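Beneath this line is the structure, given in structure tokens, with notes to follow.
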Amino acid sequence: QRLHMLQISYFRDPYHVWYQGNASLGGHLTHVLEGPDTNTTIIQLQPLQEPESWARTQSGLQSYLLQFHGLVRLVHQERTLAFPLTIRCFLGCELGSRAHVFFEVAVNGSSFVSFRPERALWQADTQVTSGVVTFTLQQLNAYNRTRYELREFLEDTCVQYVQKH
Amino acid sequence: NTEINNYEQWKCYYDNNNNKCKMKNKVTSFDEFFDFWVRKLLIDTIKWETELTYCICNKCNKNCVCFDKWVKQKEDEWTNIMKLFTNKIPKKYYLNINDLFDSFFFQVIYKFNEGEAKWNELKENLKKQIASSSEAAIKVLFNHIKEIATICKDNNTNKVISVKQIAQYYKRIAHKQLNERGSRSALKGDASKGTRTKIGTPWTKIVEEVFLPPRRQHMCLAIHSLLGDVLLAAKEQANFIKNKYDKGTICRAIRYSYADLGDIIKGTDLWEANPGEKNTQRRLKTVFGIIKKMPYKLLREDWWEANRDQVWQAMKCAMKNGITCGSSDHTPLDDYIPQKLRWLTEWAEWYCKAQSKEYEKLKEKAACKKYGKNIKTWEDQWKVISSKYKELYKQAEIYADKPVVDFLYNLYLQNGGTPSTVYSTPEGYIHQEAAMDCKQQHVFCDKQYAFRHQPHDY
Ligand SMILES: CCCCCCCCCCCCCCCCCCCC(=O)O[C@H](COC(=O)CCCCCCCCCCCCCC)COP(=O)(O)OCCN
Ligand SMILES: *[C@@H]1O[C@H](CO)[C@@H](O)[C@H](O)[C@H]1NC(C)=O
């Protein structure tokens, strides 16, 4: 059917973040995420994924969270970011032709940015472009890691999970 | 309560919060300080490796040494940061290399054109070092920048192009070939993982035609075991010369013995006639074979190249006699000068010491039936030496013994090769490369002739 993944990152400090999140397969909770950047635990509630695959998945997710944090730190360093800062990322894939994918990020509840795989580009959702919004999109559209490797996650890895379970 | 070294200086505090660090007066949390320092360490590392890539003519010796000074400064700052914790520290600061890069990915690639490439190449190089050796990324990085600083310093080593300049050419080729094989990360060892006298005497003449210095006669995990044995021998020879053997004399003797030791290990030495030397050379063939199963000379050339700084530092032990004369990392190029050249240079130095020793007896024409005869004995050795040099030099002329002919023609090509400037004549060779202590008999070319019976003054 689909995957709807959600995380909320509460940054009390650029260098201090509390993560909380989850993922639903179709309409039901399958995964949870919780803890600080130094001790975030990612749990599959429904142990359907092989332990090895799952360990690889957790590694990829932890890599993501560290890179995510690094992006927030860089945005705050280059462009001032007020704290406490809450980042809410909603991403997913939906399946009977080619899969639909999306990724949108809100800041303090206000949709801040989104991904459009058709050109492998990120664009603002917000009608108000400011230094933070422009700078964040740059990193997104300057590196293959944020433009194409993300598509493999959303249009391939995400959908394989959905198709399989 | 620690201070972290026309630059910034900081005073840091740390708790089990107000665990701040202070630089007008910038005050940040410790975590911010740590992050600042680390991202700068990584950015600066990439810029340095990139800038030095073309050398990793004297312009990069100055830049290369600056890099090594930079590396040492950063290592001390790192130690001072660790003093805040004093407990052999959570992952918040103990990033794994994969963690460090994943965490600092955006901050560092942000500063570079094709930054993802540089960020990757650095990750791969650090992973390769730890794989050879879940350790902290910062420690692995420090080891990486120290290896580069050493490798670079070797390349520079601080009308006529000298033998030392040509030796540098062969040194640069050596590492080049090593870099292409890529084995140094495997061959460089770690010591912690391991276990005649008279001047007036002519040199021994050996055919089965080379004259053997009295200095050479008086010579003292297979990789880690080998490096430990080599370092020990190197240390012993340095102490042997220092304690049992002039400044120029003590320095040249230690430095030439270092080069001779490299020849022994490489298996390119001339003195193969001696059975003790043969026993040693067979042991080397055995150990390197063991090393290969990764005369073995080509691998040995790499292993010695992968382990020449370790051997040289071993020879600087327990002394206040600076030997740091014209080299960077105080490491000489003598192991890249064909042994026949260094021994020649050396023969002339011993000869002029012999001439002065005999000369000095003519103080307070009966006594000149010893001097001018002892002189004749040494004069004959030069004849042999001069003739062989000329044969090899002429082969080099036509080309422009293989390592000497190739050394000479490349030296000749850079010295007029199309008349030769100063190296076509072996007397001329000595007058450019060696230092003569002789008195009133200062000219090897045939009044003040080096081998005259009685000095023009006496
Ligand atoms: C088969 C299993 C399927 C998953 C099942 C569900 C698992 C539980 C999930 C719990 C909820 C967490 C939701 C948060 C998202 C997690 C997924 C991250 C996906 C992702 O971005 O890519 C990974 C990291 O790589 C990258 O390098 C790209 C990241 C770069 C950062 C992108 C920008 C972040 C948003 C902008 C914030 C700006 C804020 C500024 C104030 C790829 O991992 P992989 O190695 O396996 O590769 C595979 C092919 N590429
Ligand atoms: C990580 O969180 C678990 C609870 O989810 C706790 O028991 C553990 O002690 C924490 N570890 C660290 C290093 O904080």
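Chain labels follow the order of the structure tokens: the first chain is A, the next B, and so on; residue numbering restarts at 1 in every chain, and ligands are counted from 1 in their shown order.
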Quick one: residues within 9 Å of region 53-62 of chain A, only C-alpha atoms, excluding same-chain residues fewer than 2 positions away - as a PyMOL selection string? (chain A and resi 40+42-44+47+49-51+64-67) or (chain B and resi 99)
Could you please select, counting only C-alpha atoms, the residues of chain A within 9 Å of chain B and state them as JSON, numbers by chain? {"A": [14, 15, 16, 37, 38, 39, 62, 63, 64, 65, 66, 67, 68, 69, 70, 71, 73, 74, 139, 143, 144, 145]}
Can I get the selected residues back with N, CA, C and O atoms, as a tab-separated table (two decimals), in the first residue's frame?
chain	number	residue	atom	x	y	z
A	14	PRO	N	21.55	23.88	19.00
A	14	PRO	CA	21.89	23.39	17.68
A	14	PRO	C	22.59	22.06	17.99
A	14	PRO	O	22.37	21.12	17.27
A	15	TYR	N	23.40	22.02	19.06
A	15	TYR	CA	24.12	20.78	19.45
A	15	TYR	C	23.33	19.94	20.45
A	15	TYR	O	23.97	19.05	21.06
A	16	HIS	N	22.03	20.16	20.64
A	16	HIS	CA	21.29	19.31	21.54
A	16	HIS	C	19.91	19.00	21.03
A	16	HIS	O	19.01	19.86	21.05
A	37	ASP	N	20.32	12.89	20.34
A	37	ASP	CA	21.27	12.57	19.27
A	37	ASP	C	22.40	11.67	19.66
A	37	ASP	O	22.93	10.94	18.82
A	38	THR	N	22.74	11.64	20.92
A	38	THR	CA	23.80	10.77	21.39
A	38	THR	C	23.35	9.32	21.79
A	38	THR	O	24.22	8.49	22.09
A	39	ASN	N	22.02	9.06	21.86
A	39	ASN	CA	21.43	7.79	22.31
A	39	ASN	C	20.02	7.57	21.72
A	39	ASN	O	19.09	7.21	22.45
A	62	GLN	N	20.54	6.00	11.23
A	62	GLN	CA	21.37	6.77	12.15
A	62	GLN	C	22.24	7.71	11.35
A	62	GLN	O	22.47	8.85	11.77
A	63	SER	N	22.70	7.26	10.17
A	63	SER	CA	23.53	8.08	9.30
A	63	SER	C	22.70	9.26	8.88
A	63	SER	O	23.17	10.40	8.94
A	64	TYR	N	21.45	9.00	8.51
A	64	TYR	CA	20.54	10.05	8.16
A	64	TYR	C	20.40	11.03	9.28
A	64	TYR	O	20.50	12.23	9.03
A	65	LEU	N	20.15	10.56	10.50
A	65	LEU	CA	19.94	11.48	11.59
A	65	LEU	C	21.17	12.30	11.86
A	65	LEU	O	21.05	13.51	12.10
A	66	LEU	N	22.36	11.72	11.77
A	66	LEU	CA	23.54	12.52	12.00
A	66	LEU	C	23.72	13.54	10.89
A	66	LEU	O	24.09	14.68	11.18
A	67	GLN	N	23.44	13.17	9.64
A	67	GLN	CA	23.59	14.10	8.54
A	67	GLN	C	22.57	15.20	8.66
A	67	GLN	O	22.87	16.36	8.37
A	68	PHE	N	21.37	14.84	9.09
A	68	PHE	CA	20.27	15.75	9.30
A	68	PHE	C	20.67	16.77	10.32
A	68	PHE	O	20.48	17.97	10.11
A	69	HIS	N	21.21	16.31	11.44
A	69	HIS	CA	21.63	17.20	12.48
A	69	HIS	C	22.73	18.08	11.91
A	69	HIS	O	22.71	19.30	12.10
A	70	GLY	N	23.69	17.50	11.18
A	70	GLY	CA	24.76	18.29	10.61
A	70	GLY	C	24.21	19.38	9.71
A	70	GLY	O	24.69	20.52	9.74
A	71	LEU	N	23.16	19.08	8.95
A	71	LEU	CA	22.56	20.09	8.10
A	71	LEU	C	21.94	21.17	8.95
A	71	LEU	O	22.12	22.35	8.64
A	73	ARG	N	22.87	22.11	11.94
A	73	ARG	CA	23.94	22.89	12.53
A	73	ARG	C	24.53	23.83	11.53
A	73	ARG	O	24.78	24.98	11.87
A	74	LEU	N	24.71	23.38	10.30
A	74	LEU	CA	25.28	24.23	9.27
A	74	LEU	C	24.36	25.35	8.92
A	74	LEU	O	24.81	26.48	8.73
A	139	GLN	N	22.06	23.16	-0.36
A	139	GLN	CA	22.69	21.87	0.03
A	139	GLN	C	21.89	20.74	-0.61
A	139	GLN	O	22.49	19.78	-1.12
A	143	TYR	N	24.22	18.55	-3.91
A	143	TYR	CA	24.96	17.32	-3.68
A	143	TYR	C	24.20	16.13	-4.19
A	143	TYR	O	22.98	16.04	-4.00
A	144	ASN	N	24.90	15.14	-4.74
A	144	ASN	CA	24.20	13.97	-5.25
A	144	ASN	C	23.60	13.21	-4.10
A	144	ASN	O	22.51	12.63	-4.23
A	145	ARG	N	24.24	13.30	-2.94
A	145	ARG	CA	23.69	12.67	-1.78
A	145	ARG	C	22.29	13.17	-1.41
A	145	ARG	O	21.49	12.41	-0.87
Can you pull out every residue within 12 Å of region 429-438 of chain B, counting only C-alpha atoms, but drop anything in the same chain fewer than 6 positions away, and send it as a ChimeraX atom specification? /B:160-165,246,248-249,252,337,341-360,375,382,385-386,389-390,393,408,411-412,420-423,444-445,448-451,455
Can you pull out every residue within 12 Å of residue 28 (chain A), counting only C-alpha atoms, but drop anything in the same chain fewer than 5 positions away, and send it as a PyMOL selection string? chain A and resi 1-5+22-23+45-46+165
Which residue, A:107, A:120, A:48, A:101, has the smallest gap to ligand 1 when you use only C-alpha atoms and all ligand atoms? A:107
Give the strand (DSSP E) residues of region 171-266 of chain B, as assigned by DSSP on the backbone, as a list in words.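 Of region 171-266 of chain B, the ones in strand (DSSP E) are residues 204, 205, 206, 210, 211 and 212 of chain B.
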Restricting the output to C-alpha atoms, write the selected residues as a PDB file, in the first residue's frame.
ATOM      1  CA  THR B 204      90.341  -3.344   1.575  1.00  0.00           C
ATOM      2  CA  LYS B 205      90.310  -4.131  -2.144  1.00  0.00           C
ATOM      3  CA  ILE B 206      87.576  -6.613  -3.102  1.00  0.00           C
ATOM      4  CA  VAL B 210      85.368  -2.062  -5.034  1.00  0.00           C
ATOM      5  CA  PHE B 211      87.196  -0.685  -2.042  1.00  0.00           C
ATOM      6  CA  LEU B 212      85.443  -1.395   1.264  1.00  0.00           C
TER       7      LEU B 212
END
Long-range neighbours of region 235-239 of chain B as a list in words, 7 Å cut-off, only C-alpha atoms, 5 positions minimum in chain: residues 219, 220, 254, 314, 315 and 317 of chain B
Print the selection's residues with C-alpha atoms to a file, as a compact mmCIF listing (two decimals), in the first residue's frame.
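Heads up, here's the output in selection26.txt:
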# COMPACT_ATOMS: atom_id res chain seq x y z
CA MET B 219 78.78 -2.57 11.15
CA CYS B 220 76.43 -3.74 14.00
CA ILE B 254 76.25 7.97 11.12
CA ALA B 314 66.45 5.48 15.62
CA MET B 315 69.89 6.76 14.70
CA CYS B 317 69.22 8.63 19.87
Could you give me, as a VMD selection string, the residues within 7 Å of residue 136 (chain B), counting only C-alpha atoms and dropping anything in the same chain fewer than 4 positions from it? chain B and resid 94 to 97 140
Interatomic distance, CA of residue 268 (chain B) to CA of residue 201 (chain B) (Å, one decimal):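 Result for CA of residue 268 (chain B) versus CA of residue 201 (chain B): 26.1 Å, one decimal.
Each of A:119, A:164, A:88, A:31 was compared to ligand 1 using only C-alpha atoms and all ligand atoms, and A:31 turns out to be the nearest.
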Would you mind listing what lies within 7 Å of residue 21 (chain A) as a tab-separated table (two decimals) with C-alpha atoms, in the first residue's frame, with only C-alpha atoms counted and same-chain residues fewer than 6 positions away left out?
chain	number	residue	atom	x	y	z
A	6	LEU	CA	7.35	10.90	10.56
A	7	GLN	CA	9.98	12.39	12.76
A	8	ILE	CA	10.03	15.28	15.07
A	32	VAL	CA	9.12	3.89	16.44
A	33	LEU	CA	12.06	6.22	17.08
A	34	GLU	CA	13.11	7.96	20.30
Go through chain A and collect every residue that DSSP, computed from the backbone, puts in helix (DSSP H, G or I); the answer should be as a compact mmCIF listing (two decimals) with N, CA, C and O atoms, in the first residue's frame.
# COMPACT_ATOMS: atom_id res chain seq x y z
N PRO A 51 16.79 -9.44 10.75
CA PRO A 51 17.72 -8.75 11.64
C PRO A 51 18.92 -8.11 10.94
O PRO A 51 19.35 -7.03 11.34
N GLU A 52 19.46 -8.74 9.89
CA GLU A 52 20.61 -8.17 9.20
C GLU A 52 20.20 -6.96 8.38
O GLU A 52 20.87 -5.93 8.40
N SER A 53 19.07 -7.09 7.70
CA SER A 53 18.52 -6.03 6.90
C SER A 53 18.15 -4.89 7.81
O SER A 53 18.38 -3.71 7.49
N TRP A 54 17.57 -5.23 8.95
CA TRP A 54 17.18 -4.25 9.91
C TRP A 54 18.39 -3.53 10.46
O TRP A 54 18.39 -2.31 10.54
N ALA A 55 19.46 -4.25 10.80
CA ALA A 55 20.64 -3.57 11.29
C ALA A 55 21.18 -2.61 10.24
O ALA A 55 21.59 -1.49 10.58
N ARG A 56 21.15 -3.01 8.96
CA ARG A 56 21.61 -2.13 7.91
C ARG A 56 20.70 -0.92 7.80
O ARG A 56 21.17 0.21 7.60
N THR A 57 19.41 -1.15 7.97
CA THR A 57 18.43 -0.09 7.92
C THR A 57 18.67 0.88 9.05
O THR A 57 18.65 2.09 8.82
N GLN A 58 18.94 0.37 10.26
CA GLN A 58 19.19 1.24 11.39
C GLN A 58 20.43 2.06 11.16
O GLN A 58 20.45 3.23 11.52
N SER A 59 21.45 1.46 10.56
CA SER A 59 22.67 2.19 10.30
C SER A 59 22.38 3.34 9.36
O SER A 59 22.82 4.47 9.59
N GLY A 60 21.61 3.06 8.30
CA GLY A 60 21.25 4.08 7.34
C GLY A 60 20.44 5.18 7.99
O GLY A 60 20.66 6.36 7.71
N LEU A 61 19.54 4.82 8.90
CA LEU A 61 18.74 5.80 9.59
C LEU A 61 19.58 6.62 10.54
O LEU A 61 19.38 7.83 10.63
N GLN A 62 20.54 6.00 11.23
CA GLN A 62 21.37 6.77 12.15
C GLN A 62 22.24 7.71 11.35
O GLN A 62 22.47 8.85 11.77
N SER A 63 22.70 7.26 10.17
CA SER A 63 23.53 8.08 9.30
C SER A 63 22.70 9.26 8.88
O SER A 63 23.17 10.40 8.94
N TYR A 64 21.45 9.00 8.51
CA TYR A 64 20.54 10.05 8.16
C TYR A 64 20.40 11.03 9.28
O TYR A 64 20.50 12.23 9.03
N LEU A 65 20.15 10.56 10.50
CA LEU A 65 19.94 11.48 11.59
C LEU A 65 21.17 12.30 11.86
O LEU A 65 21.05 13.51 12.10
N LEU A 66 22.36 11.72 11.77
CA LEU A 66 23.54 12.52 12.00
C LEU A 66 23.72 13.54 10.89
O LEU A 66 24.09 14.68 11.18
N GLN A 67 23.44 13.17 9.64
CA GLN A 67 23.59 14.10 8.54
C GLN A 67 22.57 15.20 8.66
O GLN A 67 22.87 16.36 8.37
N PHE A 68 21.37 14.84 9.09
CA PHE A 68 20.27 15.75 9.30
C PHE A 68 20.67 16.77 10.32
O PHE A 68 20.48 17.97 10.11
N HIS A 69 21.21 16.31 11.44
CA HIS A 69 21.63 17.20 12.48
C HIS A 69 22.73 18.08 11.91
O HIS A 69 22.71 19.30 12.10
N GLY A 70 23.69 17.50 11.18
CA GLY A 70 24.76 18.29 10.61
C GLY A 70 24.21 19.38 9.71
O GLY A 70 24.69 20.52 9.74
N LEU A 71 23.16 19.08 8.95
CA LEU A 71 22.56 20.09 8.10
C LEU A 71 21.94 21.17 8.95
O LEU A 71 22.12 22.35 8.64
N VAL A 72 21.26 20.82 10.03
CA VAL A 72 20.68 21.86 10.87
C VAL A 72 21.78 22.72 11.47
O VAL A 72 21.63 23.94 11.54
N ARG A 73 22.87 22.11 11.94
CA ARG A 73 23.94 22.89 12.53
C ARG A 73 24.53 23.83 11.53
O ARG A 73 24.78 24.98 11.87
N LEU A 74 24.71 23.38 10.30
CA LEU A 74 25.28 24.23 9.27
C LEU A 74 24.36 25.35 8.92
O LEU A 74 24.81 26.48 8.73
N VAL A 75 23.07 25.05 8.81
CA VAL A 75 22.07 26.11 8.50
C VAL A 75 22.13 27.16 9.61
O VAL A 75 22.21 28.36 9.29
N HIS A 76 22.12 26.72 10.87
CA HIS A 76 22.15 27.66 12.02
C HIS A 76 23.46 28.46 12.01
O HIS A 76 23.43 29.68 12.29
N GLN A 77 24.57 27.80 11.69
CA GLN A 77 25.89 28.49 11.71
C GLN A 77 25.93 29.55 10.61
O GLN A 77 26.17 30.73 10.94
N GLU A 78 25.63 29.16 9.37
CA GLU A 78 25.62 30.11 8.22
C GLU A 78 24.45 31.09 8.37
O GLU A 78 24.69 32.31 8.26
N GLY A 131 16.65 33.70 3.99
CA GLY A 131 18.00 33.15 3.94
C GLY A 131 18.08 31.68 4.36
O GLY A 131 18.82 30.91 3.75
N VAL A 132 17.28 31.28 5.34
CA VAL A 132 17.30 29.90 5.78
C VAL A 132 16.77 28.97 4.72
O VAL A 132 17.35 27.91 4.45
N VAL A 133 15.67 29.38 4.09
CA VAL A 133 15.03 28.57 3.08
C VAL A 133 15.90 28.43 1.85
O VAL A 133 16.10 27.31 1.36
N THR A 134 16.43 29.55 1.36
CA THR A 134 17.33 29.49 0.17
C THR A 134 18.55 28.62 0.51
O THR A 134 18.86 27.71 -0.28
N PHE A 135 19.20 28.87 1.66
CA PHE A 135 20.45 28.14 1.98
C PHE A 135 20.17 26.64 2.11
O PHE A 135 20.99 25.84 1.60
N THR A 136 19.06 26.27 2.75
CA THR A 136 18.76 24.83 2.96
C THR A 136 18.57 24.14 1.60
O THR A 136 19.12 23.04 1.42
N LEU A 137 17.88 24.81 0.67
CA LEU A 137 17.61 24.21 -0.67
C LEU A 137 18.94 23.99 -1.40
O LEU A 137 19.07 22.95 -2.07
N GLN A 138 19.86 24.94 -1.28
CA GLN A 138 21.19 24.82 -1.94
C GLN A 138 21.78 23.44 -1.64
O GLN A 138 21.96 22.65 -2.59
N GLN A 139 22.06 23.16 -0.36
CA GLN A 139 22.69 21.87 0.03
C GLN A 139 21.89 20.74 -0.61
O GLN A 139 22.49 19.78 -1.12
N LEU A 140 20.56 20.88 -0.60
CA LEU A 140 19.66 19.84 -1.16
C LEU A 140 19.91 19.68 -2.66
O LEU A 140 19.85 18.54 -3.14
N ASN A 141 20.13 20.78 -3.38
CA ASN A 141 20.26 20.70 -4.86
C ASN A 141 21.72 20.78 -5.32
O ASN A 141 21.94 20.78 -6.54
N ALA A 142 22.68 20.83 -4.39
CA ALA A 142 24.08 20.83 -4.77
C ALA A 142 24.77 19.49 -4.66
O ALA A 142 25.84 19.32 -5.24
N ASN A 144 24.90 15.14 -4.74
CA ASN A 144 24.20 13.97 -5.25
C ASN A 144 23.60 13.21 -4.10
O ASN A 144 22.51 12.63 -4.23
N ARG A 145 24.24 13.30 -2.94
CA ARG A 145 23.69 12.67 -1.78
C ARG A 145 22.29 13.17 -1.41
O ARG A 145 21.49 12.41 -0.87
N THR A 146 21.96 14.44 -1.66
CA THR A 146 20.66 14.92 -1.27
C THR A 146 19.66 14.90 -2.43
O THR A 146 18.45 14.86 -2.19
N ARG A 147 20.17 14.89 -3.68
CA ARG A 147 19.31 14.86 -4.86
C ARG A 147 18.98 13.49 -5.42
O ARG A 147 17.84 13.23 -5.78
N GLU A 149 20.52 10.20 -4.13
CA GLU A 149 20.55 9.06 -3.23
C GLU A 149 19.25 9.03 -2.45
O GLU A 149 18.80 7.95 -2.03
N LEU A 150 18.63 10.20 -2.28
CA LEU A 150 17.34 10.30 -1.64
C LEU A 150 16.29 9.67 -2.52
O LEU A 150 15.34 9.09 -2.01
N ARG A 151 16.41 9.82 -3.84
CA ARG A 151 15.43 9.21 -4.70
C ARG A 151 15.55 7.72 -4.59
O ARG A 151 14.55 7.02 -4.49
N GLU A 152 16.77 7.18 -4.50
CA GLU A 152 16.82 5.74 -4.34
C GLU A 152 16.15 5.35 -3.04
O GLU A 152 15.45 4.34 -2.98
N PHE A 153 16.31 6.13 -1.98
CA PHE A 153 15.59 5.75 -0.79
C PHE A 153 14.07 5.81 -1.00
O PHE A 153 13.35 4.84 -0.73
N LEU A 154 13.55 6.93 -1.49
CA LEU A 154 12.10 7.11 -1.61
C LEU A 154 11.41 6.30 -2.71
O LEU A 154 10.31 5.80 -2.51
N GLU A 155 12.04 6.18 -3.87
CA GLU A 155 11.46 5.51 -5.02
C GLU A 155 11.88 4.05 -5.16
O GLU A 155 11.41 3.36 -6.07
N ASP A 156 12.77 3.56 -4.31
CA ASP A 156 13.23 2.18 -4.41
C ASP A 156 13.19 1.53 -3.03
O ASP A 156 12.32 0.71 -2.75
N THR A 157 14.07 1.93 -2.12
CA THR A 157 14.11 1.25 -0.81
C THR A 157 12.76 1.27 -0.05
O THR A 157 12.32 0.22 0.45
N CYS A 158 12.08 2.45 0.00
CA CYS A 158 10.78 2.68 0.64
C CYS A 158 9.73 1.79 -0.02
O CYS A 158 8.98 1.08 0.67
N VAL A 159 9.68 1.81 -1.35
CA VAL A 159 8.66 1.04 -2.02
C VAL A 159 8.93 -0.44 -1.90
O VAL A 159 7.99 -1.20 -1.76
N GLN A 160 10.19 -0.88 -1.87
CA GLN A 160 10.40 -2.31 -1.72
C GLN A 160 9.83 -2.78 -0.40
O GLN A 160 9.20 -3.83 -0.35
N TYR A 161 9.99 -1.98 0.66
CA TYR A 161 9.45 -2.32 1.96
C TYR A 161 7.92 -2.44 1.85
O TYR A 161 7.32 -3.38 2.37
N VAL A 162 7.30 -1.46 1.18
CA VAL A 162 5.85 -1.42 1.02
C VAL A 162 5.33 -2.59 0.21
O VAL A 162 4.28 -3.15 0.52
N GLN A 163 6.01 -2.92 -0.87
CA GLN A 163 5.63 -4.01 -1.74
C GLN A 163 5.78 -5.36 -1.04
O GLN A 163 4.95 -6.25 -1.22
N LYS A 164 6.85 -5.49 -0.25
CA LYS A 164 7.13 -6.72 0.47
C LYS A 164 6.21 -7.01 1.67
O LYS A 164 5.86 -8.18 1.87
